[PDB]
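The chain below stands alone and is given as structure tokens, in the form deposited without the ligand.
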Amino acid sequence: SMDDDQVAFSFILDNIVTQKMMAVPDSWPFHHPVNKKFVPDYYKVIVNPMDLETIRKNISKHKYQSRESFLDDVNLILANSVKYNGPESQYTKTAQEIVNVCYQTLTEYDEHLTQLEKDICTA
């Protein structure tokens, strides 16, 4: 955590979220936990909610040491939207675009992220 390699890794993840994922058009409903005021049954339907703010808080606490656990939480946003909104919902298409810009940016950064992941583990 105090390790600069961990901090640099978390910093890159945070910027995937703020520069790319939160920039998806109409993505605001995914930026924060679902508000039960407007979606009253959400937490009765969805057992493990996930949203971009929760991921950013995990990043700020250095809870991700490799990209797989980060991508697992990102993917959960989409899977939850398939369950709640439906597989063909406009919201699900937006969530898949959030996933796509994340996944594809992770691919672009593969060699950089691999080095950081190794240096986090070594430390």
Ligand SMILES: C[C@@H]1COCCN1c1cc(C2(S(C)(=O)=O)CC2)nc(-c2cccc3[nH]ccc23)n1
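Residue numbers here begin at 1 and follow the sequence given.
There is another form of the same protein, the form solved in complex with the ligand; it is not shown, and what comes next is about it.
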| property | result |
| --- | --- |
| Shown form pocket vs the ligand in the entry with it bound, superposition, backbone/C-beta distance 2.4 Å | blocked |
| Residue 63, heavy atom within 4.5 angstroms of the ligand in the entry with it bound | no |
| Contact flag, residue 33 vs the ligand in the entry with it bound, heavy atom cut 4.5 Å | yes |
| 4.5 angstroms heavy atom contact with the ligand in the entry with it bound for residue 85 | yes |
| In the entry with it bound, residues of 36 to 57 near the ligand [heavy atom within 4.5 Å] | 38, 39, 42 |
